[PDB]
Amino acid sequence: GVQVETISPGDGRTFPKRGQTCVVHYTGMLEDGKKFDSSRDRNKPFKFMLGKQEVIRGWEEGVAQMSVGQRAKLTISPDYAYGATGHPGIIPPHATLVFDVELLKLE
C-alpha cells in the first residue's frame, strides 16, 4: 500500500474531501534516491481532484490523510503505482516510489 510519514505538520484540521481540488508540491524519487521528477523545479504546483481517479492510488489515499500545509513522505509500492509494466521511459518495472509531498491548498 502507501506509507505516510510526517516531515512537517500542517494545520491538523483541514483535510482533503471528495470533490475538492488538491494543490500540492512534490518530488518523485525511486527507492534508491534517484529523483525522477519535481514540481518544485518548474515552479508550478500540481492539481488533481480527490475521488475522480486522476492520480495513482498511492496518491489518492496518501494525500487524503494530510492536512493543509503538511509536508509528508509517501512510500508507494508497485501495485499502488505503475506495477509490472511501469511507465515508458521514466519509471522502471516493480518500482517502489517515494514522494516528498506538501499539501498547499484545497479548493
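Counting begins at 1, following the sequence as shown. Just so we're on the same page, rigid core means the largest C-alpha set that superposes within 1.5 Å between forms.
With 20-28 and 84-92 as candidates, the stretch whose CA atoms show the greater average offset from this form in 4 other deposited structures of this protein after a core fit is 84-92.
In this entry, 25-33 has the higher mean Cα B-factor, the comparison being between 72-80 and 25-33.
The mean Cα B-factor in the deposited entry runs higher for 35-43 than for the other of 35-43 and 55-63.
Residue 17 sits in the highest third of its chain by CA B factor, as recorded in the PDB entry.
Annotation for residue 91: C-alpha temperature factor in the lowest third relative to the rest of the modelled chain, per the entry.
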